[PDB]
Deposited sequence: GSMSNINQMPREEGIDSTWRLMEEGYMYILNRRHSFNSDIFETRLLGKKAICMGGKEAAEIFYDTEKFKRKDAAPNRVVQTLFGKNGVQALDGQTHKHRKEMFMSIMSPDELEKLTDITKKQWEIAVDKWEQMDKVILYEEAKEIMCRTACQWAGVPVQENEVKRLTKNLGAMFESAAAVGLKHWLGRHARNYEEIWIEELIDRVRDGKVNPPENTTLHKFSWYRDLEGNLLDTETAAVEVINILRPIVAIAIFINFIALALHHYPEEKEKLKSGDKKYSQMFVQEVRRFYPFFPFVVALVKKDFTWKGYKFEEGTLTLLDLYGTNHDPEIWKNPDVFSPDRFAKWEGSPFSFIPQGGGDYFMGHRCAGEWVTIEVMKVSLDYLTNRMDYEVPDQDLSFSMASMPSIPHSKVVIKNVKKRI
């Protein structure tokens, strides 16, 4: 059939509009163009942006889209690391992804939840002897201690503080400009070298992590040819566990926000029926902004909706806008856990990617995230009391990630006993 012209945003480069609008950039234009797909110019080149469940399923078609060389270098050097799983395609990707999925078994997730609970207890005891407590910063430290213990990474106290700062900077810098962006580049450089040394100690026999742990599994994994991963690559992969675990602190912020803003939803949790906590956690992941979009390159020319996708074109999948799509969800722009009662598809609810864990790039740590969020919600509701003082809890849709301006201050913390 005839090739049609995709809706097109004019201007020599539109990256500035993405920087100004953030999470809302793609959905605003899906609305104004009356199309789930449009073309623009971002980072000096043509770009295609698309959202909704059909677009998501097409984006996850690995005959049509590849990840090699898709992410901008500025994102590789902050968020991802070079030559990690995010960069791979085909059987090489499948085999690397199996390494990540191998640490996600029932017994290992139980180990994670036990650690997470203990580290919450430790933090709460500390906060009870404090006055004001900055939840985002304290939660990053909870999650850094949890990550290192679960991963088998030995850390001294000074190393905990430094890692918490540097892992934070890696994700807080990825969509930043200027001075702030470079903090994350330097943070990544420092921890890559530190983790590389540690992996060399594992391989030399001088450190002996338990067999079940990330550090053991990633240090000893062999590729499709039977060879150990390069030390640099294995370090990037370990950081691809430690960093996103720290990042759960962003979702902890939003759990606390939701408990403060929605007392009727909090009261439904006081029952002990786990269905309510499950719905609440899912709705936090659906409603609040976090990972805006993912990127791929067109692998081979193809047609969809009458439009030509040309090989090599950078393509953005709108995660935020799909999670807020009024063609998928009833009243998408309100927080309503009841929408999940006995719950859509793997392409419609995509805060941590869509599709299949093994056949695509969907987040390896989605179950970790959900389980950590459940522990955190249980702590904040059932194991402590605190006050939320008057403060600026607003969160900007132009900042990625989006953090409430006050960083969520709590006070008068008391552990229930």
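Where C-alpha coordinates are absent, the deposited sequence of this PDB chain has the segments 1 to 3, 347.
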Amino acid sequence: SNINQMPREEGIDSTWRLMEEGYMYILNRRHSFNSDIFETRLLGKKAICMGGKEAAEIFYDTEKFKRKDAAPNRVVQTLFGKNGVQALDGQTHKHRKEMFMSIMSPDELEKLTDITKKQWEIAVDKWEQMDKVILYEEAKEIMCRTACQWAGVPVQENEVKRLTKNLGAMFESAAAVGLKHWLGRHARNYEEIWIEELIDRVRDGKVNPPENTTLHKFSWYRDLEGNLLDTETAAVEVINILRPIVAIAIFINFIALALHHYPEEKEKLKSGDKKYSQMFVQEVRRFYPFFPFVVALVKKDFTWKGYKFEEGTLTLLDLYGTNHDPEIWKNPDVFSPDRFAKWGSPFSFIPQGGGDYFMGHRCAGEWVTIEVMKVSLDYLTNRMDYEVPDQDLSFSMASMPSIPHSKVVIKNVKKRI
From here on, numbers count along this sequence of modelled residues.
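Between 376 to 384 and 46 to 54, the higher mean Cα B-factor belongs to 376 to 384. Of the two segments, 299 to 307 and 73 to 81, the one listed with the higher mean B-factor is 299 to 307 (C-alpha atoms only). Between the residues 366, 390, 39, 61, it is 390 that shows the highest Cα B-factor in the PDB record. When the Cα B-factors of 232, 283, 131, 98 are read from the PDB record, 131 comes out highest. Residue 155: CA B factor lies in the highest third for its chain, per the PDB record. In this PDB entry, the Cα temperature factor of residue 16 sits in the middle third of its chain's modelled residues. Residue-level temperature factors show residue 203 in the middle third of its chain, judged at the C-alpha atom. In the PDB entry, a CA B factor belonging to the middle third of its chain's modelled residues is recorded for residue 313. When all modelled residues of the chain are sorted by CA temperature factor, residue 247 is found within the lowest third.
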